[PDB]
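Coordinates from input.csv are shown below (CSV, C-alpha atoms).
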```
chain,number,residue,atom,x,y,z
A,2,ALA,CA,10.0,-5.4,-3.6
A,3,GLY,CA,6.5,-4.7,-1.9
A,4,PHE,CA,7.1,-1.1,-0.8
A,5,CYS,CA,10.1,-0.7,-3.1
A,6,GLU,CA,8.7,1.4,-5.9
A,7,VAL,CA,6.9,3.8,-3.6
A,8,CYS,CA,9.9,4.1,-1.4
A,9,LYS,CA,12.1,5.1,-4.3
A,10,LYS,CA,9.3,7.4,-5.3
A,11,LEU,CA,8.8,9.1,-1.9
A,12,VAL,CA,12.5,9.4,-1.2
A,13,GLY,CA,12.9,10.6,-4.7
A,14,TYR,CA,10.7,13.6,-4.1
A,15,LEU,CA,12.4,14.4,-0.8
A,16,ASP,CA,15.8,14.4,-2.4
A,17,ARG,CA,14.4,16.6,-5.2
A,18,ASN,CA,12.8,19.2,-2.9
A,19,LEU,CA,14.9,19.2,0.2
A,20,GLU,CA,18.4,20.5,0.8
A,21,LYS,CA,21.0,18.0,1.9
A,22,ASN,CA,21.3,19.7,5.3
A,23,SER,CA,17.7,19.8,6.6
A,24,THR,CA,17.0,19.1,10.2
A,25,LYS,CA,15.1,16.1,11.5
A,26,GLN,CA,12.2,18.5,12.0
A,27,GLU,CA,12.1,19.5,8.3
A,28,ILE,CA,12.4,15.9,7.1
A,29,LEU,CA,9.5,15.0,9.4
A,30,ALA,CA,7.3,17.8,8.0
A,31,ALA,CA,8.3,16.8,4.4
A,32,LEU,CA,7.7,13.1,5.0
A,33,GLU,CA,4.3,13.7,6.5
A,34,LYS,CA,3.4,15.8,3.4
A,35,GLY,CA,5.3,13.8,0.8
A,36,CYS,CA,2.7,11.2,0.0
A,37,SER,CA,0.1,13.6,-1.3
A,38,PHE,CA,2.6,14.6,-4.0
A,39,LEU,CA,3.0,11.2,-5.5
A,40,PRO,CA,0.6,10.2,-8.3
A,41,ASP,CA,-3.0,9.3,-7.1
A,42,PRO,CA,-2.4,5.4,-7.3
A,43,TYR,CA,0.4,5.6,-4.7
A,44,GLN,CA,-1.1,7.8,-2.1
A,45,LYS,CA,-2.5,5.3,0.3
A,46,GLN,CA,0.4,2.9,-0.2
A,47,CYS,CA,2.8,5.7,0.5
A,48,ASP,CA,1.4,7.0,3.8
A,49,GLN,CA,1.3,3.4,5.0
A,50,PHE,CA,4.9,3.0,4.0
A,51,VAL,CA,5.7,6.3,5.8
A,52,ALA,CA,3.8,5.2,9.0
A,53,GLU,CA,5.9,2.0,9.0
A,54,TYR,CA,9.4,3.4,8.2
A,55,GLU,CA,9.5,7.0,9.2
A,56,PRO,CA,11.7,6.6,12.3
A,57,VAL,CA,14.4,5.0,10.1
A,58,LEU,CA,13.6,7.2,7.2
A,59,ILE,CA,14.4,10.3,9.4
A,60,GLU,CA,17.4,8.6,11.0
A,61,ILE,CA,18.9,8.0,7.5
A,62,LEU,CA,17.8,11.0,5.4
A,63,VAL,CA,19.8,13.3,7.7
A,64,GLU,CA,22.8,11.5,6.2
A,65,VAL,CA,22.0,10.6,2.6
A,66,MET,CA,19.0,11.2,0.3
A,67,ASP,CA,19.9,9.0,-2.7
A,68,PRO,CA,16.5,7.2,-3.1
A,69,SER,CA,17.9,4.2,-4.7
A,70,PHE,CA,20.3,3.6,-1.8
A,71,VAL,CA,18.1,4.8,1.1
A,72,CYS,CA,15.4,2.3,0.2
A,73,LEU,CA,18.1,-0.4,0.0
A,74,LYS,CA,19.6,0.3,3.5
A,75,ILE,CA,16.1,0.5,5.2
A,76,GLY,CA,15.1,-2.8,3.6
A,77,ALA,CA,12.3,-1.7,1.3
A,78,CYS,CA,14.1,-2.7,-1.8
A,79,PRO,CA,15.5,-6.2,-1.5
B,2,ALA,CA,-4.9,-2.2,10.6
B,3,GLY,CA,-2.3,-1.6,7.8
B,4,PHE,CA,-4.2,-3.3,4.9
B,5,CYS,CA,-7.5,-3.3,6.8
B,6,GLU,CA,-9.4,-0.5,5.0
B,7,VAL,CA,-8.3,-1.6,1.6
B,8,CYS,CA,-9.2,-5.1,2.4
B,9,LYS,CA,-12.7,-4.2,3.5
B,10,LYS,CA,-12.9,-2.1,0.3
B,11,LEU,CA,-11.7,-4.7,-2.1
B,12,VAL,CA,-13.7,-7.5,-0.6
B,13,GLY,CA,-16.6,-5.0,-0.4
B,14,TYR,CA,-16.7,-4.6,-4.2
B,15,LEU,CA,-16.4,-8.4,-4.8
B,16,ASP,CA,-19.4,-9.1,-2.5
B,17,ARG,CA,-21.2,-6.3,-4.3
B,18,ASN,CA,-20.5,-7.5,-7.8
B,19,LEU,CA,-20.2,-11.2,-7.6
B,20,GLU,CA,-22.8,-13.9,-6.9
B,21,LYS,CA,-22.3,-16.0,-3.7
B,22,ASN,CA,-21.7,-19.2,-5.8
B,23,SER,CA,-18.8,-18.1,-8.1
B,24,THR,CA,-16.1,-20.5,-8.9
B,25,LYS,CA,-12.5,-20.1,-7.9
B,26,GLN,CA,-11.8,-19.0,-11.5
B,27,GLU,CA,-14.3,-16.2,-11.4
B,28,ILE,CA,-13.1,-14.9,-8.0
B,29,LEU,CA,-9.5,-14.9,-9.4
B,30,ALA,CA,-10.5,-12.9,-12.5
B,31,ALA,CA,-12.5,-10.5,-10.3
B,32,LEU,CA,-9.7,-10.1,-7.7
B,33,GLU,CA,-7.1,-9.5,-10.4
B,34,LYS,CA,-9.4,-6.7,-11.8
B,35,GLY,CA,-10.8,-5.5,-8.5
B,36,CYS,CA,-8.1,-2.9,-7.6
B,37,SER,CA,-8.7,-0.7,-10.6
B,38,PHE,CA,-12.2,-0.1,-9.3
B,39,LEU,CA,-11.3,1.3,-6.0
B,40,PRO,CA,-10.7,5.0,-5.8
B,41,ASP,CA,-7.4,6.3,-7.2
B,42,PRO,CA,-5.6,6.6,-3.8
B,43,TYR,CA,-6.0,2.9,-3.1
B,44,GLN,CA,-5.0,1.3,-6.3
B,45,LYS,CA,-1.3,0.6,-5.7
B,46,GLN,CA,-2.0,-0.5,-2.1
B,47,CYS,CA,-4.8,-2.8,-3.2
B,48,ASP,CA,-2.9,-4.8,-5.8
B,49,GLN,CA,-0.1,-5.2,-3.3
B,50,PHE,CA,-2.6,-6.5,-0.8
B,51,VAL,CA,-4.0,-8.8,-3.5
B,52,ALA,CA,-0.6,-10.1,-4.4
B,53,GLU,CA,0.0,-10.9,-0.8
B,54,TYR,CA,-3.3,-12.5,0.2
B,55,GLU,CA,-5.0,-13.8,-3.0
B,56,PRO,CA,-4.4,-17.5,-2.2
B,57,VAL,CA,-6.3,-17.1,1.1
B,58,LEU,CA,-8.7,-14.6,-0.4
B,59,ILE,CA,-9.8,-17.2,-3.0
B,60,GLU,CA,-9.8,-20.0,-0.5
B,61,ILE,CA,-12.2,-18.0,1.7
B,62,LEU,CA,-14.4,-16.1,-0.7
B,63,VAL,CA,-15.8,-19.3,-2.1
B,64,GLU,CA,-17.4,-19.7,1.4
B,65,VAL,CA,-18.3,-16.2,2.5
B,66,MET,CA,-18.0,-12.7,1.1
B,67,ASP,CA,-18.9,-10.5,4.1
B,68,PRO,CA,-16.0,-8.0,3.8
B,69,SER,CA,-16.0,-7.1,7.4
B,70,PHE,CA,-15.6,-10.8,8.4
B,71,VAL,CA,-13.3,-11.9,5.5
B,72,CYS,CA,-10.7,-9.4,6.4
B,73,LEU,CA,-10.9,-10.5,10.0
B,74,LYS,CA,-10.4,-14.2,9.3
B,75,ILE,CA,-7.5,-13.6,6.8
B,76,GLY,CA,-5.7,-11.3,9.4
B,77,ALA,CA,-5.9,-8.0,7.6
B,78,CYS,CA,-8.1,-6.4,10.2
B,79,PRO,CA,-6.7,-7.0,13.7
```
Would you mind writing the file's structure down as structure tokens?
Amino acid sequence: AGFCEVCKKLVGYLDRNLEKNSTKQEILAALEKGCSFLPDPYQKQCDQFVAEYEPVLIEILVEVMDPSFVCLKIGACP
Amino acid sequence: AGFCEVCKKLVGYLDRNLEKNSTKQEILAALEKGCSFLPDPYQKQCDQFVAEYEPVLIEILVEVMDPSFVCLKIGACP
């Protein structure tokens, strides 16, 4: 549950601002900008989470963007 | 280097606001209040760091409070 809430949060914003057919290159850009959009308290945690999981984030978010489920599959929410 | 900067930061504030002879019980209180004193971006990362390392934090900070060194010994700064 360590990175779970920030995961749900970061993937939440992606889902909410990205169309379900984006290319790898648009999910990358979004991910690398996504943390500055979360409330202040989460920023530094988020872009640490992003640095650790963004290969798998990209690999999965081309398929599905449900935040609740994406964080589960990647292991962030146990 | 994942929790390294926030470590140095959290231990930095302890060092700066706590006397070198505090009891376990005063370092606990301080630690469990210490994250809300770091800039906004670090809060959520900090109290995740604190939840993960506070047994060893307490165990060491009764000896030494040099932030640079404390984070090294506990493994946060590799």
Which chain B residues have any atom within 8 Å of an atom of segment 46-58 of chain A, and for each, what is the nearest pair of atoms with distance in Å to one decimal, counting all atoms listed in the file, rows sorted by chain and number, as a Markdown table?
```
| residue | atom | partner | partner_atom | distance |
| --- | --- | --- | --- | --- |
| B:3 | CA | A:49 | CA | 6.8 |
| B:42 | CA | A:46 | CA | 7.9 |
| B:43 | CA | A:46 | CA | 7.0 |
| B:45 | CA | A:46 | CA | 6.2 |
| B:46 | CA | A:46 | CA | 4.6 |
```
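Among the candidates A:73, A:78, A:31, A:5, the residue lying nearest to chain B is A:5 (atoms considered: all atoms listed in the file).
Our summary of the geometry notes that atom CA of residue 9 of chain A is positioned 26.8 Å from atom CA of residue 32 of chain B.
In terms of minimum interatomic distance to chain A, B:40 ranks closest within B:40, B:13, B:35, B:76, counting all atoms listed in the file.
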- request: Could you jot down the atom CA of residue 6 of chain A to atom CA of residue 26 of chain A separation for me, Å, one decimal place?
  value: 25.0 Å
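Atom pair atom CA of residue 24 of chain A / atom CA of residue 37 of chain A has a distance of 21.2 Å (rounded to one decimal).
With distances restricted to all atoms listed in the file, B:39 is the closest residue to residue 10 of chain B from B:75, B:33, B:27, B:39.
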What would segment 44-74 of chain A look like with N, CA and C atoms restored, written as a PDB file, keeping the file's coordinate frame?
```
ATOM      1  N   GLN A  44      -0.901   7.098  -3.314  1.00  0.00           N
ATOM      2  CA  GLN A  44      -1.100   7.800  -2.100  1.00  0.00           C
ATOM      3  C   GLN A  44      -1.186   6.926  -0.864  1.00  0.00           C
ATOM      4  N   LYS A  45      -2.232   6.106  -0.841  1.00  0.00           N
ATOM      5  CA  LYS A  45      -2.500   5.300   0.300  1.00  0.00           C
ATOM      6  C   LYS A  45      -1.456   4.221   0.652  1.00  0.00           C
ATOM      7  N   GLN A  46      -0.767   3.733  -0.365  1.00  0.00           N
ATOM      8  CA  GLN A  46       0.400   2.900  -0.200  1.00  0.00           C
ATOM      9  C   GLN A  46       1.519   3.633   0.493  1.00  0.00           C
ATOM     10  N   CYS A  47       1.740   4.861   0.024  1.00  0.00           N
ATOM     11  CA  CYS A  47       2.800   5.700   0.500  1.00  0.00           C
ATOM     12  C   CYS A  47       2.685   6.018   1.969  1.00  0.00           C
ATOM     13  N   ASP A  48       1.550   6.554   2.383  1.00  0.00           N
ATOM     14  CA  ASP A  48       1.400   7.000   3.800  1.00  0.00           C
ATOM     15  C   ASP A  48       1.290   5.777   4.725  1.00  0.00           C
ATOM     16  N   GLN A  49       1.176   4.576   4.167  1.00  0.00           N
ATOM     17  CA  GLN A  49       1.300   3.400   5.000  1.00  0.00           C
ATOM     18  C   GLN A  49       2.736   3.011   5.092  1.00  0.00           C
ATOM     19  N   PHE A  50       3.474   3.145   3.997  1.00  0.00           N
ATOM     20  CA  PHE A  50       4.900   3.000   4.000  1.00  0.00           C
ATOM     21  C   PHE A  50       5.583   3.957   4.993  1.00  0.00           C
ATOM     22  N   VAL A  51       5.187   5.225   4.919  1.00  0.00           N
ATOM     23  CA  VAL A  51       5.700   6.300   5.800  1.00  0.00           C
ATOM     24  C   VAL A  51       5.393   5.997   7.272  1.00  0.00           C
ATOM     25  N   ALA A  52       4.200   5.504   7.580  1.00  0.00           N
ATOM     26  CA  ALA A  52       3.800   5.200   9.000  1.00  0.00           C
ATOM     27  C   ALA A  52       4.685   4.030   9.501  1.00  0.00           C
ATOM     28  N   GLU A  53       5.112   3.137   8.615  1.00  0.00           N
ATOM     29  CA  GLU A  53       5.900   2.000   9.000  1.00  0.00           C
ATOM     30  C   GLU A  53       7.398   2.289   9.098  1.00  0.00           C
ATOM     31  N   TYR A  54       7.902   3.187   8.268  1.00  0.00           N
ATOM     32  CA  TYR A  54       9.400   3.400   8.200  1.00  0.00           C
ATOM     33  C   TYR A  54       9.889   4.740   8.575  1.00  0.00           C
ATOM     34  N   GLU A  55       9.047   5.653   9.039  1.00  0.00           N
ATOM     35  CA  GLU A  55       9.500   7.000   9.200  1.00  0.00           C
ATOM     36  C   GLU A  55      10.525   7.341  10.288  1.00  0.00           C
ATOM     37  N   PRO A  56      10.536   6.569  11.400  1.00  0.00           N
ATOM     38  CA  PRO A  56      11.700   6.600  12.300  1.00  0.00           C
ATOM     39  C   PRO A  56      13.030   6.352  11.641  1.00  0.00           C
ATOM     40  N   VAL A  57      13.147   5.286  10.851  1.00  0.00           N
ATOM     41  CA  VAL A  57      14.400   5.000  10.100  1.00  0.00           C
ATOM     42  C   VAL A  57      14.592   5.892   8.949  1.00  0.00           C
ATOM     43  N   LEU A  58      13.511   6.257   8.281  1.00  0.00           N
ATOM     44  CA  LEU A  58      13.600   7.200   7.200  1.00  0.00           C
ATOM     45  C   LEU A  58      14.293   8.499   7.749  1.00  0.00           C
ATOM     46  N   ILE A  59      13.755   9.085   8.805  1.00  0.00           N
ATOM     47  CA  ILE A  59      14.400  10.300   9.400  1.00  0.00           C
ATOM     48  C   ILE A  59      15.803  10.059   9.829  1.00  0.00           C
ATOM     49  N   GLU A  60      16.038   8.954  10.524  1.00  0.00           N
ATOM     50  CA  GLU A  60      17.400   8.600  11.000  1.00  0.00           C
ATOM     51  C   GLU A  60      18.372   8.557   9.851  1.00  0.00           C
ATOM     52  N   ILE A  61      17.978   8.079   8.669  1.00  0.00           N
ATOM     53  CA  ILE A  61      18.900   8.000   7.500  1.00  0.00           C
ATOM     54  C   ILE A  61      18.976   9.229   6.627  1.00  0.00           C
ATOM     55  N   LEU A  62      17.842   9.871   6.399  1.00  0.00           N
ATOM     56  CA  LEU A  62      17.800  11.000   5.400  1.00  0.00           C
ATOM     57  C   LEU A  62      18.490  12.200   5.898  1.00  0.00           C
ATOM     58  N   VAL A  63      18.898  12.231   7.165  1.00  0.00           N
ATOM     59  CA  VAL A  63      19.800  13.300   7.700  1.00  0.00           C
ATOM     60  C   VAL A  63      21.221  13.091   7.155  1.00  0.00           C
ATOM     61  N   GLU A  64      21.557  11.843   6.819  1.00  0.00           N
ATOM     62  CA  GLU A  64      22.800  11.500   6.200  1.00  0.00           C
ATOM     63  C   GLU A  64      22.825  11.577   4.698  1.00  0.00           C
ATOM     64  N   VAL A  65      21.973  10.771   4.073  1.00  0.00           N
ATOM     65  CA  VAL A  65      22.000  10.600   2.600  1.00  0.00           C
ATOM     66  C   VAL A  65      20.522  10.620   2.088  1.00  0.00           C
ATOM     67  N   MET A  66      20.329  11.157   0.892  1.00  0.00           N
ATOM     68  CA  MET A  66      19.000  11.200   0.300  1.00  0.00           C
ATOM     69  C   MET A  66      18.924  10.467  -1.040  1.00  0.00           C
ATOM     70  N   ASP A  67      19.978   9.773  -1.462  1.00  0.00           N
ATOM     71  CA  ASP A  67      19.900   9.000  -2.700  1.00  0.00           C
ATOM     72  C   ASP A  67      18.787   7.951  -2.498  1.00  0.00           C
ATOM     73  N   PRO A  68      17.690   8.059  -3.261  1.00  0.00           N
ATOM     74  CA  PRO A  68      16.500   7.200  -3.100  1.00  0.00           C
ATOM     75  C   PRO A  68      16.805   5.765  -3.304  1.00  0.00           C
ATOM     76  N   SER A  69      17.560   5.504  -4.351  1.00  0.00           N
ATOM     77  CA  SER A  69      17.900   4.200  -4.700  1.00  0.00           C
ATOM     78  C   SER A  69      18.615   3.480  -3.541  1.00  0.00           C
ATOM     79  N   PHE A  70      19.570   4.177  -2.928  1.00  0.00           N
ATOM     80  CA  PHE A  70      20.300   3.600  -1.800  1.00  0.00           C
ATOM     81  C   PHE A  70      19.560   3.675  -0.457  1.00  0.00           C
ATOM     82  N   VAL A  71      18.793   4.728  -0.199  1.00  0.00           N
ATOM     83  CA  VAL A  71      18.100   4.800   1.100  1.00  0.00           C
ATOM     84  C   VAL A  71      17.074   3.674   1.234  1.00  0.00           C
ATOM     85  N   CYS A  72      16.355   3.354   0.166  1.00  0.00           N
ATOM     86  CA  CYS A  72      15.400   2.300   0.200  1.00  0.00           C
ATOM     87  C   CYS A  72      16.083   0.895   0.358  1.00  0.00           C
ATOM     88  N   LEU A  73      17.284   0.763  -0.176  1.00  0.00           N
ATOM     89  CA  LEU A  73      18.100  -0.400   0.000  1.00  0.00           C
ATOM     90  C   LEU A  73      18.438  -0.578   1.508  1.00  0.00           C
ATOM     91  N   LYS A  74      19.115   0.408   2.088  1.00  0.00           N
ATOM     92  CA  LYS A  74      19.600   0.300   3.500  1.00  0.00           C
ATOM     93  C   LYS A  74      18.445   0.112   4.501  1.00  0.00           C
TER      94      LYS A  74
END
```
